[PDB]
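The block underneath contains the structure these notes are about, expressed in structure tokens.
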Protein chains: 2
Amino acid sequence: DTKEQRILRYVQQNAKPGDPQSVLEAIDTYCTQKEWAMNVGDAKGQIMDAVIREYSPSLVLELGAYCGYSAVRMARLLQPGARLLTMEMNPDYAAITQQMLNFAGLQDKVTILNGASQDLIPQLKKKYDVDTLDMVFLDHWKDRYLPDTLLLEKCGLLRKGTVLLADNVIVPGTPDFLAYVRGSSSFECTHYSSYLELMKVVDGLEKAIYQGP
Amino acid sequence: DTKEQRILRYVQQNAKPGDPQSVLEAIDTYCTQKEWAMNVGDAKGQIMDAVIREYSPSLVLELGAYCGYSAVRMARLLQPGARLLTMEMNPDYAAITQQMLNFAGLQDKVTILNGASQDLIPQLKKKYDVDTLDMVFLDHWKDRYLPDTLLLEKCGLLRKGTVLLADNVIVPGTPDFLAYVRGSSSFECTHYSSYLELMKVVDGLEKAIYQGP
Ligand SMILES: C[S@@+](CC[C@H](N)C(=O)[O-])C[C@H]1O[C@@H](n2cnc3c(N)ncnc32)[C@H](O)[C@@H]1O
Ligand SMILES: C[S@@+](CC[C@H](N)C(=O)[O-])C[C@H]1O[C@@H](n2cnc3c(N)ncnc32)[C@H](O)[C@@H]1O
Ligand SMILES: O=[N+]([O-])c1cc(O)c(O)c([N+](=O)[O-])c1
Ligand SMILES: O=[N+]([O-])c1cc(O)c(O)c([N+](=O)[O-])c1
Ligand SMILES: [Br-]
Ligand SMILES: [Mg+2]
Ligand SMILES: [Mg+2]
């Protein structure tokens with residue numbers, strides 16, 4: 001089996017179907033105690049959660065699904081009738097994502113788009129009936145953040161107020177993208193500093209309440 | 001200089017005087033980005049916080065102060081009239097702890113005792129007219145947890161309801177202590193699983209809001 005198949009199996013064993021919180025917690029545990037994986041992670045996930053709650057987007061685009069962790073994070077906070085589209089070019093990853101969404105009970109709010117962003121973004125208006133996007137989460141290969149931002153602009157998919165949220169602008173880093181959006185009057189930028197989710201060591205406290213001799 | 005001098009300087013440089021929360025955050029930042037140190041840490045510190053809030057102890061004894069991190073955590077949550085005694089054998093560390101508490105503005109709630117727990121525990125009743133303790137936090141050298149627990153009992157410092165809270169019962173581990181309190185009818189035990197505070201890698205998200213062409 002693969003790492004992504006092992007993550008899904010761990011979720012199926014330990015999380016609760018229909019409970020997105022339990023799914024996030026199970027992936028967090030597996031990927032900090034058993035095998036590291038490139039999910040956005042809990043620390044940066046809290047920041048993502050706050051951006052979703054603040055802007056209450058009706059239509060979100062995610063670039064890079066992997067196993068569905070960030071899709072589960074975002075979709076569980078969407079208002080009724082709000083939607084997430086997520087693009088993923090690795091079909092085995094997309095297959096895991098679909099199963100993860102089904103387990104979490106969020107499959108009716110998320111649509112997986114199979115293929116590469118450079119091929120699918122130009123299809124959003126015609127094939128998927130998108131007018132403009134309310135929010136875009138960028139988390140795919142880092143050398144594509146800037147070209148896809150420019151493609152979204154050229155295709156007329158952004159409007160005033162559309163929120164781009166980009167992972168990993170420090171590590172592995174996206175210096176061309178950062179230079180562009182920070183230097184351009186077309187974007188108002190805010191940086192949110194945080195941490196990667198690396199492997200951890202389990203420890204514990206014991207509470208012992210004295211009962212008398 | 002020493003690691004503990006560098007930690008204290010980083011706090012004085014970056015935290016707000018009189019603000020315990022800012023002091024904790026500065027220590028967290030230094031000891032996860034610059035140099036690891038044996039503080040209880042933020043994850044286990046949240047559990048400590050919850051125990052303090054649940055039992056609202058009027059008299060707390062801490063075994064092992066180091067730089068004052070856990071003393072700041074506990075003292076900032078103590079109610080009016082409550083006090084913390086902390087024992088620290090290392091005079092250099094005891095001095096750092098005093099400066100740390102002074103900076104945080106918590107010095108009037110904490111009394112530092114500079115000596116070894118096995119020497120000072122039998123003197124608490126005579127030197128401070130202690131009757132019994134409401135809570136004990138054990139976080140000193142791990143081979144002393146069991147003998148100091150037995151000494152606290154012998155010297156009459158525990159009452160029915162006194163809460164012992166022990167750090168590191170998994171890593172580095174306190175197997176004799178754990179076997180004793182879990183096995184003994186004199187203690188009712190609860191385990192709180194958590195994680196060590198190891199070094200982290202800074203990353204961040206960028207929020208870029210589109211304004212138009
Ligand atoms: C870091 S992972 C996604 C993690 C996910 N956002 C999360 O937080 O759970 C990166 C993903 O992007 C996919 N990918 C990379 N370039 C892509 C592109 N141009 N179009 C679509 N998917 C892409 C990869 O196959 C991979 O699954
Ligand atoms: C892990 S550190 C304490 C960390 C502190 N509780 C915190 O979370 O910020 C251990 C400390 O215990 C002190 N120590 C070890 N054995 C002791 C003893 N028998 N009596 C008093 N202090 C002791 C050491 O000098 C050291 O500073
Ligand atoms: O190597 N990493 O720490 C990461 C982290 C990440 O969050 C990534 O998205 C990533 N990637 O897409 O290649 C790599
Ligand atoms: O080595 N460690 O990870 C630790 C952690 C700790 O929390 C400790 O208290 C410690 N010690 O007192 O020696 C050591
Ligand atoms: Br691929
Ligand atoms: Mg990422
Ligand atoms: Mg400790």
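When we count neighbours, we look across all protein chains shown, and the Cβ atoms used for this are built from the backbone with ideal geometry, even at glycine. Bear in mind these aren't lab numbers, they're just calculated from the coordinates by the rules spelled out.
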- Sites removed, the longest contiguous part of chain A containing no DSSP-loop chymotrypsin sites (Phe, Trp or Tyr not before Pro) with at most 16 other Cβ within 10 Å is A:37-140
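Could you work out the Kirkwood radius for the stretch B:1-200, taking every pair of different alpha carbons, averaging 1/r and inverting it, reported in Å?
17.1 Å
Which net charge results when you count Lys and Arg as +1 and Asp and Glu as -1 among the other residues whose beta-carbon is under 13 Å from that of residue A:24? List each step's numbers first, then the result.
On the way: positive: A:16, A:44, A:73, A:76; negative: A:19, A:25, A:28, A:42, A:49, A:197.
Counting the neighbours of residue A:24, the net charge comes to -2.
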- Whole-Hz couplings from phi, Karplus 6.51/-1.76/1.60, listed for the stretch B:59-75; x for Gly and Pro: 9, 10, 10, 10, 9, x, 8, 6, 9, x, 4, 5, 5, 4, 4, 6, 5
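At a 10 Å Cβ-Cβ cut-off, how would you order A:164, A:85, fewest neighbours first? Can you show the working numbers first?
Values: A:164 24, A:85 20.
Sorted ascending by nearby Cβ count, the order is A:85, A:164.
Just from its helices, what would the mean residue ellipticity at 222 nm be for chain B, if runs of 4 or more DSSP H residues each count -39500 (n - 2.57) and the sum is divided by every residue, rounded to the nearest 500 deg cm²/dmol? Kindly include the intermediate steps, with their values, before the conclusion.
Details: 9 runs with 89 residues, N = 213.
It comes out at -12000 deg cm²/dmol, rounded to the nearest 500.
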- Across bins of 5 angstrom width beginning at 0, how are the C-alpha pair distances of the stretch A:69-186 distributed, in whole percent? 2, 10, 20, 23, 22, 16, 6, 2, 0
- Per DSSP, the loop-located trypsin sites (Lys or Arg not before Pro) within the stretch B:1-78 having at most 16 other beta carbons within 10 Å are B:34
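Please report the net charge: other residues with Cβ closer than 13 Å to the Cβ of residue B:213, K and R +1, D and E -1. Walk me through the numbers on the way to the answer.
Working: positive: A:154, A:159, A:160; negative: A:153.
Surrounding charge for residue B:213 is +2.
Kirkwood-based Rg over Rh for the stretch A:1-78 (C-alpha set), two decimals? List each step's numbers first, then the result.
Numbers: Rg = 12.6 Å, Rh = 13.1 Å.
So for the stretch A:1-78, dividing Rg by the Kirkwood Rh gives 0.97.
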- Item | Label point 7 Å beyond Cα along the C-beta direction, distances from residue A:19 to other copies (nm, shortest first) | 3.8
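Given the pairs A:3/A:200; A:142/B:44; A:44/A:200; A:207/B:142; B:109/B:142; A:207/B:127, which span a C-alpha to C-alpha distance of over 23 angstrom in this model? Let's see the in-between values first.
Working: A:3/A:200 18 Å; A:142/B:44 35 Å; A:44/A:200 16 Å; A:207/B:142 16 Å; B:109/B:142 27 Å; A:207/B:127 28 Å.
As for pairs spanning more than 23 Å Cα to Cα, those are A:142/B:44; B:109/B:142; A:207/B:127.
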- Helix B:20-33 sits at what angle to the longest principal axis of chain B, using alpha carbons and giving 0 to 90 degrees rounded to 10? 70 degrees
- Task: Give the Rg (one decimal place) followed by the Dmax (whole number) of the protein assembly as shown, computed from C-alpha coordinates and expressed in Å.
- Result: 25.9, 84
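Report the calculated FRET efficiency for residue B:90 and residue A:54 (r = Cβ-Cβ distance, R0 = 35 Å), to the nearest 0.05.
Numbers: r = 47 Å, r/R0 = 1.34.
Result of the calculation: an efficiency of 0.15.
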- For chain B, what's the relative contact order in percent, using C-alpha pairs closer than 8 Å and at least 6 residues apart? 21 percent
